[PDB]
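See structure below.
2 protein chains.
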Amino acid sequence: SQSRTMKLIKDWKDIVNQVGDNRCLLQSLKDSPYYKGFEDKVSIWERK
Amino acid sequence: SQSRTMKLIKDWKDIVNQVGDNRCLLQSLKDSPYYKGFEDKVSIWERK
Numbered sequence: 080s081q082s083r084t085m086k087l088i089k090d091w092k093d094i095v096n097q098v099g100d101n102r103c104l105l106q107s108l109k110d111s112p113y114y115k116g117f118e119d120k121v122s123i124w125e126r127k
Numbered sequence: 080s081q082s083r084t085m086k087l088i089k090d091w092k093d094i095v096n097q098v099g100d101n102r103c104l105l106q107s108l109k110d111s112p113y114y115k116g117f118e119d120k121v122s123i124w125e126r127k
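Going down the list, the sequences are from chains Z and G.
Under our numbering, think of the first position of the first sequence as 80, with each following residue one higher.
Under our numbering, think of the first position of the second sequence as 80, with each following residue one higher.
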């Protein structure tokens, strides 16, 4: 109403759906038998 | 004294000095200007 200007943020679903895809992709990586040698990077991206 | 047998562990300094070398090596990596793109693996090895 009074004259200010802020950078509001739109298109949220585009951002959130990528995050959901990445988390279910990590769950898909959790079923691999070679997960025991790569678990430590998965922990990073999990918490991130 | 009574007859048992356990695998006791010797040569400790050989193991510990490698750990000290690795921690001071990480500190040497902490002075690099390109540390901002590789900080996340350094956090892993730091806590480990």
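Note that beta-carbon positions come from the ideal geometry of N, C-alpha and C, so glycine has one too.
| query | result |
| --- | --- |
| Taking the CB atoms as reference points, tell me whether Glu125(Z) and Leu105(Z) lie closer together than 8 Å. | yes |
| For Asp119(G), decide whether its Cβ has a neighbour in chain Z, counting only Cβ atoms nearer than 8 Å. | yes |
| Could you confirm whether any beta carbon from chain G is found closer than 8 Å to the beta carbon of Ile123(Z)? | yes |
| Under three-state DSSP, which class holds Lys86(G)? | coil |
| Mind reading off the beta-carbon distance from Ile123(Z) to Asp119(G)? Whole number of angstroms is fine, and I expect it under 8 Å. | 6 Å |
| Do you know offhand how far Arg83(Z)'s Cα is from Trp91(Z)'s? | 23 Å |
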